[PDB]
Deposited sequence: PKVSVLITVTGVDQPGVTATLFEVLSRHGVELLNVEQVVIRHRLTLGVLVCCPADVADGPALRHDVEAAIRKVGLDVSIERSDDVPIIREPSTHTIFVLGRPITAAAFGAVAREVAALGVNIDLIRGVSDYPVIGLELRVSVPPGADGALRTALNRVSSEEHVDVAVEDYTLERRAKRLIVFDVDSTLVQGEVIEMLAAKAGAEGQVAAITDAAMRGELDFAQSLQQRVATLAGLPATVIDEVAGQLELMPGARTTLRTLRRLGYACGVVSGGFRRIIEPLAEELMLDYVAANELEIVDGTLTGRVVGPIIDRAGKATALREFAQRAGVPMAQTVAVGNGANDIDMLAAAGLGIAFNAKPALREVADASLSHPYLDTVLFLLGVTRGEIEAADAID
């Protein structure tokens, strides 16, 4: 076959259209170069790029056979000489838009910012209807423009009340294989240290300092010392008590379970306390835990921690350690956190996700999530709600 022909079928979807076209094409010397077919809301598009004999293409028979067969059953067809890209290039990036709701104005603002920077939209699809509306756009970004893109979509995100994430869509960068979660107000509801403090009747003081520290207004280590000192004199039994009171973030189990299906190494990195966390890590079958450790004398807390202290730099160090042991390059790691002491860890990771985060963190994170559902992380990792439900139904 010495000449290229492009055949494009559109119209209202009907069964048997696909088979019919290639059966027709088989009466002409047709060999296939590319086929693309989708149906959206009962609208068929079928594009077929072929090679056929010059003799066949320069004759009305191929045309008449195709036009007759397709028009008969009620669709439209176009036929033209090509001689035209065979296969489209991969998208460079993907954009996730999550919201509850996603207004038309929000999405319209995303599409406008995209167009402004010369970014072509290659595909749009929904990735979730629950617990949040989620939409994916795969895009092609002009080289060097993707900084400008992230800045623009960040402005759009704050103004229009949706989450917007722009991620690299290349082969390696999207083979993410390792994830770490902060514990307090990320994997687990609330702040453990405040739960401990309440037992000393110091919930007020400690909560104040915690929120100061999580906004980046206080050095993490000094804030840890001031807060843990509050616990001086509590019996160590308080540790088990609080451990048994802990509630997982909504969507946490689904998140971990789905990540296990995908072969992720999973771990936690916390400035909190190991005796409280390790019990839970075991229950969640995690692969790695880094945390601080309470000092205990004669079955009583002293109000100090045992060095060395996992601080902001310590969390990045822990992630790096974990990924080295697991044999996972940093570019294929994910970190999820909510607070300013997570800043270094999020920056070290391939993908840093700020989850219901203080401004300090959301300001430097690759992506931010604002809804109280930890499983929206999965959407950022290329999973759809449909795929989660299917896998869970298969059990």
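Asks: Map the modelled residues onto the deposited sequence and report the uncovered stretches in sequence order.
Replies: Seq positions lacking coordinates: 84, a single run.
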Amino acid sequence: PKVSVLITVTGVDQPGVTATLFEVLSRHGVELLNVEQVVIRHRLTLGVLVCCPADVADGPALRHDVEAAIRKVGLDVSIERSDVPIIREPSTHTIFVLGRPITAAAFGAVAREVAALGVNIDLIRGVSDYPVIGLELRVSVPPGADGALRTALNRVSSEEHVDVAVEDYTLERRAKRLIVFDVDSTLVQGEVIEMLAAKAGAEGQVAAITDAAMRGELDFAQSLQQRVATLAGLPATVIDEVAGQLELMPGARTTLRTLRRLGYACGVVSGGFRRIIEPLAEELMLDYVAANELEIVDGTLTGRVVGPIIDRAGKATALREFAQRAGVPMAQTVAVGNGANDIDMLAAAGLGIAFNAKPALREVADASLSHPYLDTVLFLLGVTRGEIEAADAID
From here on, numbers count along this sequence of modelled residues.
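Asks: Which is higher on mean Cα B factor in this entry, 155 to 163 or 124 to 132?
Replies: Mean B over CA atoms: larger for 155 to 163.
Asks: Please compare 184 to 192 with 142 to 150 and say which has the higher mean C-alpha temperature factor in the record.
Replies: Averaged over C-alpha atoms, the B-factors run higher in 142 to 150.
Asks: Given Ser91, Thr255, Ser270, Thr237, identify the residue with the highest C-alpha B factor in the PDB entry.
Replies: Highest C-alpha B-factor among the listed residues goes to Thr237.
Asks: Return the residue from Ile40, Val364, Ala326, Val30 that has the highest Cα B-factor in the entry.
Replies: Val364 has the highest C-alpha B-factor of those listed.
Asks: Looking at the temperature factor on the CA atom of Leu319, which third of the chain's modelled residues does it land in?
Replies: Lowest third - that is where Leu319 ends up once the chain's C-alpha B-factors are sorted.
Asks: Among the modelled residues of its chain, does the C-alpha B-factor of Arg174 lie in the lowest, middle or highest third?
Replies: Its C-alpha B-factor belongs to the highest third of this chain's values.
Asks: Among the modelled residues of its chain, does the C-alpha B-factor of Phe107 lie in the lowest, middle or highest third?
Replies: Tercile = middle for this residue's CA B-factor.
Asks: Taking the entry's C-alpha B-factors for this chain, is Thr302 in the lowest, middle or highest third?
Replies: CA B-factor rank for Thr302: middle third.
Asks: Would the CA B-factor of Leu98 place it in the lowest, middle or highest third of its chain?
Replies: As the PDB entry reports it, the C-alpha B-factor of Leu98 lands in the lowest third of its chain.
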